[PDB]
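Here the structure is laid out as structure tokens; the discussion comes afterwards.
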Ligand SMILES: *[C@@H]1O[C@H](CO)[C@@H](O)[C@H](O)[C@H]1NC(C)=O
Ligand SMILES: *[C@@H]1O[C@H](CO)[C@@H](O)[C@H](O)[C@H]1NC(C)=O
Ligand SMILES: *[C@@H]1O[C@H](CO)[C@@H](O)[C@H](O)[C@H]1NC(C)=O
Ligand SMILES: *[C@@H]1O[C@H](CO)[C@@H](O)[C@H](O)[C@H]1NC(C)=O
Ligand SMILES: *[C@H]1O[C@H](CO)[C@@H](O)[C@H](O)[C@@H]1O
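Protein chains in written order, with UniProt numbering: chain A, 100 to 153; chain B, 61 to 185, 191 to 307, 314 to 348, 382 to 433, 455 to 476; chain C, 61 to 185, 191 to 307, 314 to 348, 382 to 433, 455 to 476; chain D, 154 to 301.
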């Protein structure tokens, strides 16, 4: 994508998470996911979103 | 001094006596832990293995049910996966001791199954959902299938749940043994038997075998009484092993036949509703290994004396107060016995 | 000072002000009691009379049943006296508000009556007693007589029980009226209206009629709100009076006919069992006298001002702070309203 | 004269292994004063037989510890020269709450080179649920990735 406020390269990534992935996951913490973005200067991590079976 | 009987002079003060008492406490606890470690690890291993094996069985049965829904009733997916997953989740939760109602599992399963059958198989083409859920039980659309599954699975799930509870309670009492705190009089007697010889300036003298016997039979009078109940626990577990894999794995055939049964009366049903709205090997090896520890509580003082430094000859030994040529001669236990009685009654009623 | 507004000097201290406040409290309580006394005595008289009359009716009905048993079925005495006394004791206990089941009264009556009938009237000649008690209900030996008596007596006893409870709660609220504690601000306003003129040295000056009206409408804003519920109470009681003497007095005839009915099938019954084993005037006058007090709560401030010394002309009168030529111009109440709402719902439902 | 309806029936209670519970009983109105007797599962209980159970002058059954007197259907019964009356039986069930475990040591990485595994167990045995106690809440196993 390209933003209107500023002409710079924007990236939007979507990842599907199924129920079978969470119910079959036997880790120590709640099924969490993090987002890492790569730049010419370095990298940046996002919030750890924990997908749980309600 | 309040422990070391001063017959001559003495090389130790009151504070050294307290240090010897605490070291006696630690030595007794370590000896009990060493006595109980083999059996504790055996029961922990088996509890873990059986838990994982039952979870594997439940997962495989859920997979089999989902696969036969995919193959025979594609029109019921993906809703079929939701209620199958909820059903087997509640199954596992019941197996692991949670408060789950088996009859409620089966009833919610059929309550969720009927509306999708009606909307996708019988009358193709959200708010009317509850009317269908009520009509499921009011018109007995599934016949005797729900009660058949109810009894079939309740009978196996209760014995499996109580098997796991029995394993866990055995772990509990065996863990309590090595944390059994004793009387003050026994603390002083153990201090005399193990250390008070050092206060009289002796370096390598060991207590007499008979003195160790009288001391141990002195403070283990309560603990030895557990032996009857522990033996009954072992034998009742043996009674129980002499069942849940076959049932959960035939569940798919039973449900398929129930769906056929409901489809059989579709003519009247649609009009009425439109108007109205290696495991057995493991438990055998476990029982055969558990019967080797049936003497655990009766052989316990013998273990403490045979693994403590003692003069078995009863010659040139320490008698608690002097070096002789020849020797002259509970609330937590109540809780252990209470829980053993409870689990034994529960076992015996099951088989 | 905290009550008497000092415009000039003053002839009274703070302690005299407290004395005047307490005398104001006593005067208000006396005026309310004088307003409520006629109605209180009316309801107390009627409550006492109805209570004694119902007890007389129950005693006389028990007497008549016992006498008809003595005369017609001497073979059933003295056991008949025991179960008749227990039945009418439970009757009175239900009338007076105790938790008694009417159906259970009748069922225990016939359960006790049948075995003595069988042993003394049908099969002449203690352990087999319970088999007879079971056979009474299992074979329906008394036909529809038990249910007939059950409804006949439950219908009258419930209306009588609720009539007595309604009379007692009316007594309760009327006793609460003259004991209604008021706000501190109203205490000070009444002290100013009745006595603070004496602190300014006046001997016979009376408060203005309009000042009495504003003060009374000031502290009776809550009490006047009771009028709606009191009117509904009166009218619901009138709805209820438009019953228990006839039923309890015909009970003996009904029981005799039931005994005849059971004796009618003795042939088959003995073999099968041997093998197997001025009031209405008073309530009318009460309601006609009670309707004269339907304005009780709305006319109450008018009563307090018309029976307190006031200058009706509003000329040369006391306005709470000075002598003028012309005048310028919950919790316990909540409990009263709660109980009135409760008793009104209970009244209306028996209608 | 003895009444049928009990003045106050004993109430069923849920009590932990160490908890104390008092079972209240008010016999029906009667002359003479009703003689209250406690029956555990339709069988009388002896106050002198055990320190844990005792009978009070005001007809109350006090249990200090749920160990010396476990679950049952306690029933209050009033006896009189007239007759006897049974109260509604109270279902007293003693429950044990689930109690996990102290963590174990981390296991060695099964794989010598690359992604390995380390396990830590936390059992539900201190105390183990009894007579339908609530099971332990949360996970029983802990697994972490290791690089050797
Ligand atoms: C019932 O009435 C008769 C009338 O002669 C009387 O003699 C008897 O004492 C009365 N019994 C009771 C219990 O009132
Ligand atoms: C109201 O009940 C109370 C209770 O002590 C009593 O003091 C009072 O005399 C009764 N009321 C009337 C106004 O007679
Ligand atoms: C206790 O009472 C219940 C029903 O009141 C019953 O299911 C149970 O089997 C009874 N028996 C006992 C505790 O002996
Ligand atoms: C053994 O008892 C100790 C006391 O700290 C406890 O920490 C440990 O969890 C126990 N083992 C069990 C509960 O099986
Ligand atoms: C065991 O684990 C923790 C203790 O930190 C608690 O969440 C709870 O007591 C549980 O049963």
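For each residue, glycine too, the CB sits at the ideal point set by N, CA and C.
Q. If we count the other Cβ atoms within 10 Å of its Cβ and call it buried at 16 or more, is residue 272 of chain B buried or exposed?
A. buried
Q) When DSSP builds the beta bridges, which residues end up paired with residue 271 of chain D? A) D:297
Q) With residue 152 of chain A and residue 110 of chain A assumed to form a contact (beta carbons below 8 Å), what rounded beta-carbon distance in angstroms separates them? A) No, residue 152 of chain A and residue 110 of chain A are not in contact; Cβ-Cβ is about 29 Å, not under 8 Å.
Q: Between the Cα of residue 254 of chain B and those of B:91, B:108, B:106 and B:425, spot the shortest distance and give me the residue it belongs to.
A: B:425
Q: Compute the beta-carbon to beta-carbon distance between residue 243 of chain D and residue 180 of chain D, rounded to the nearest angstrom, for a pair I have assumed lies under 8 Å.
A: Actually they do not touch by this definition, with Cβ atoms about 15 Å apart.
Q) Of all Cβ atoms in chain C, is any one closer than 9 Å to the Cβ of residue 158 of chain D? A) yes
Q | Inside the UniProt domain "Ig-like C2-type" (164–242) of chain D only - beta strand (DSSP E) runs reaching at least 3 residues | A | 174–177, 188–193, 206–208, 213–216, 225–232 and 237–239
Q: For residue 100 of chain C, verify whether its CB is less than 8 Å away from any heavy atom of ligand 2.
A: yes
Q.
Between which two residues does the beta strand (DSSP E) holding residue 143 of chain A run?
A. 142–144
Q.
So with CB distances below 7 Å, who are the chain B contacts of residue 169 of chain D?
A. Near residue 169 of chain D there are no residues of chain B at all, since even the closest Cβ is about 12 Å away, more than 7 Å.
Q) What residues of chain B sit near residue 277 of chain D, judged by a beta carbon separation below 9 Å? A) 156, 157 and 233
Q: Would you tell me roughly how many angstroms separate the C-alpha atoms of residue 385 of chain C and residue 301 of chain C, rounded to the nearest one?
A: 18 Å
Q.
With a threshold of 9 Å between beta carbons, is residue 295 of chain D in contact with chain A?
A. yes
Q. From the DSSP output, which residues share a beta bridge with residue 340 of chain C?
A. DSSP, once it has assigned bridges, lists no residue as partnering residue 340 of chain C.
Q) Is any beta-carbon of chain E found at less than 9 Å from that of residue 299 of chain B? A) No chain E appears in this structure, whose protein chains are A, B, C and D.
Q) Does the beta carbon of residue 402 of chain B sit closer than 9 Å to a beta carbon anywhere in chain D? A) no
**Q.** Span of the beta strand (DSSP E) around residue 284 of chain C
**A.** Element bounds for residue 284 of chain C: not the beta strand (DSSP E) but the alpha helix (DSSP H), 274–284.
Q: Confirm, please, whether the CB-CB distance from residue 96 of chain B to residue 484 of chain B is below 9 Å.
A: Nothing can be reported for residue 484 of chain B: it is not among the residues displayed for chain B, which extend from 61 to 476.
Q) Any residues whose CB sits closer than 7 Å to a heavy atom of ligand 3? List them in chain order? A) D:194, D:225, D:226, D:242 and D:244
Q) With respect to the alpha helix (DSSP H) encompassing residue 213 of chain B, which residues constitute its N-terminal and C-terminal limits? A) 210–242
Q | DSSP three-state assignment for residue 251 of chain C, whether helix, strand or coil | A | helix
Q | Cβ-Cβ distance between residue 165 of chain C and residue 192 of chain C below 9 Å | A | no
Q: Please check if any C-beta of chain A sits within less than 9 Å of the C-beta of residue 266 of chain B.
A: no
(Q) Let me see if you follow: with CB-CB separation under 9 Å, is residue 80 of chain A close to chain D or not? (A) The structure shown does not extend to residue 80 of chain A, since chain A is modelled only from 100 through 153, so no value can be given for it.
(Q) Quick test of your reading: residue 207 of chain C and residue 333 of chain C, contact by CB under 8 Å. State the CB separation rounded to the nearest angstrom. (A) 6 Å
Q. Based on Cα-Cα distance, which residue from C:216, C:171, C:212 and C:218 lies nearest to residue 199 of chain C?
A. C:171
Q. Once you ignore the five residues that flank residue 183 of chain B on each side, which residues in its own chain have a CB closer than 6 Å to its CB?
A. 341
Q. What's the C-alpha gap between residue 136 of chain A and residue 299 of chain D?
A. 25 Å
Q | Residues near residue 299 of chain C in its chain [Cβ-Cβ closer than 7 Å; skip 5 each side] | A | 394, 395 and 398
Q | Distance between residue 256 of chain D and residue 124 of chain A (C-alpha atoms, nearest Å) | A | 21 Å
Q: Go ahead and label residue 77 of chain B buried or exposed: buried means 16 or more other beta carbons lie within 10 angstroms of its beta carbon, across all protein chains shown.
A: buried
Q: Can you have a look at residue 252 of chain B and say buried or exposed, based on whether 16 or more other CB atoms are within 10 angstroms of its CB?
A: buried
Q) What is the chain-ordered set of residues for which the beta carbon lies under 6 Å from any non-hydrogen atom of ligand 1? A) C:123, C:126 and C:127
**Q.** Cβ-based neighbour list, residue 109 of chain B, same chain, cut-off 7 Å, excluding 5 preceding and 5 following
**A.** 386
Q: Mark residue 203 of chain D as exposed unless 16 or more other C-beta atoms lie within 10 angstroms of its C-beta, in which case mark it buried.
A: exposed
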